[PDB]
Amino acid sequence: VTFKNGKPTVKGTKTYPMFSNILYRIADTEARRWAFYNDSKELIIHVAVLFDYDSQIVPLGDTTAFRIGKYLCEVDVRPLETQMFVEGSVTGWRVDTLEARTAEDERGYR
């Protein structure tokens, strides 16, 4: 709905908030595509989603996908970034992992 710190690089048709309103799923029904937008200035978010066997999707972008049957797709989303996630026909799905950490290296820079 309302973004505090930036905007996604794409407008789908619907936006769904997800991780205490830091992570948004942007769904585009015409393009049959999902993306994630991270409205934090300070967090890197790792998201993995498990899709049921009858989904017909491909991963987009930097998303990694594995057959697990189910399909596991996962991506990291840096502060104020939009990541393309999957495209195609989604059936059952569920969040498998949703984790965030400060966007800094091990010595504390970033």
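All residue numbers are counted from 1 along the displayed sequence.
Quick one: classify how much of the deposited chain lacks coordinates between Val58 and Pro59, choosing none, 1 to 3, 4 to 9, or 10 or more. Per the deposited record, the segment joining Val58 and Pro59 has no missing residues.
28-36 or 48-56, whichever carries the higher mean Cα B-factor: Comparing 48-56 with 28-36, the higher average CA B-factor belongs to 28-36.
Residue, from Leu43, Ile68, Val75, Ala65, that the PDB entry assigns the highest Cα B-factor: Comparing C-alpha B-factors across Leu43, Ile68, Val75, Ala65, the top value belongs to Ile68.
Which third, lowest, middle or highest, does the CA B-factor of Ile22 fall in along this chain? It falls in the top third of the chain.
Based on the entry's values, in what third of the chain does the Cα temperature factor of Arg101 lie: lowest, middle or highest? For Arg101, whose C-alpha B-factor we compare with every modelled residue in the chain, the answer is the middle third.
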